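Taken one at a time, structure 1 and structure 2 that follow are two forms of one protein chain, written as structure tokens.
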Structure 1
């Protein structure tokens, strides 16, 4: 386990820098101020995800249309996954670490106005704690999330996409092989980690539904039409590791 594989070290090196929400924690929370900070933090993280993708081996070789499609389909999962990692890493998964300046502990969640959403997102960090996910496993898993959903008709650079996905799958195995020595144990951990990824498909639509309803509550038939493919099943093709 000593030496970390080059590709994994590369992934760590391209991890975006800390992103701040720009939230003023010296003032009492309000439903509006917290929603405002999340949207601001969200846009910043999105641009960060796009930048990150540009340094990911194999990504820029895909048709630009596939690149756009993949980011569109996975930004929510990537963000909730990163949130889970920060929460697990910095606060033992005991609270939601959206940013250094936006951390919601249990009490803060209960009074945020979106407590149910908090409990759902909290599921990821809690699972990270149980599994004790390593930084190496995390980095490989995150790339797989970016490559976990495609159009029903597939992509333009389909073969290239599949080889890119297959490579990071192999890399996840190396990551696991670092602490898991044994063919039965390493195999079992692969199932656990990838099963966790399969389970995110359902969770992600929950987040998109909450996003839409938060929008509706601020203000249509057209906006709702463009969001359904993100909350409804059968509109895209999730790539499951297990039946």
Structure 2
């Protein structure tokens, strides 16, 4: 009754928790972990498609465009909510991939991925640091779904731009529910938008990591599943060559 109505719909359409189905039983090797991660990733991109089909405005873009923006955000979405969920249930002090897959410091001993898990870990730190609320989270995550377009833009640019705007303004709502300044509320906005502007670069490291484990998978002994494989082949190279338009909040 103080929660703006979209922010309650955001609540409700949020997915239920996805397990990794991870054997836990026997001792992690670095291929098995990598493989669970993926299976877990598969189950999360199904959940993103479902999620997108109820989010107000997503389905009145052109099919294509809806396919392009998911293909283009799924890493950045995955990473974000590992943030979120790490921050919410383990104090940002452990990486909460899933209920059945939680990584403490021990566990990323075997590197490959030690270094990368450091970098994933930045996000739940910044959330702890910023004391990010649920409402602001719901709104910035839609923002990352709308964060990057083709260099030639979208088929439904205009609706796009409308939808982006109407969720930038939903975030100024949420920011509003607690930062009652006009000074503070501003700086907060600034801060919640640099935070997003910042996960580009962090993402381009997952990205480059995910393609080279892709490509060396057979060497590596790492199974990628089908849905995950297709978005990687489809967009990752192109993304990684910087043949996409990052939307910036700041200059």
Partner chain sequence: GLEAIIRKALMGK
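Numbering follows the first chain given and starts at 1. Only the largest set of C-alpha atoms that superpose within 1.5 Å between the two forms is called the rigid core.
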- Displayed copy of the chain that is the form deposited with its partner chain bound: 1
- Moved residue between structures 1 and 2 - picked from 132, 92, 113, 159, where its Cα shifts 2 angstroms or more relative to the rigid core: 113
- Message: For residue 19, does the CA position differ by 2 Å or more between structures 1 and 2 when the superposition is done on the rigid core?
- Response: no
- Threshold 2 Å Cα movement between structures 1 and 2 for residue 225, core superposed: yes
- Give the C-alpha shift of residue 182 between structures 1 and 2, in Å, after superposing the two forms on their rigid core. 1.1
- Item | Distance the CA of residue 197 travels between structures 1 and 2 [rigid core superposed, Å] | 0.3
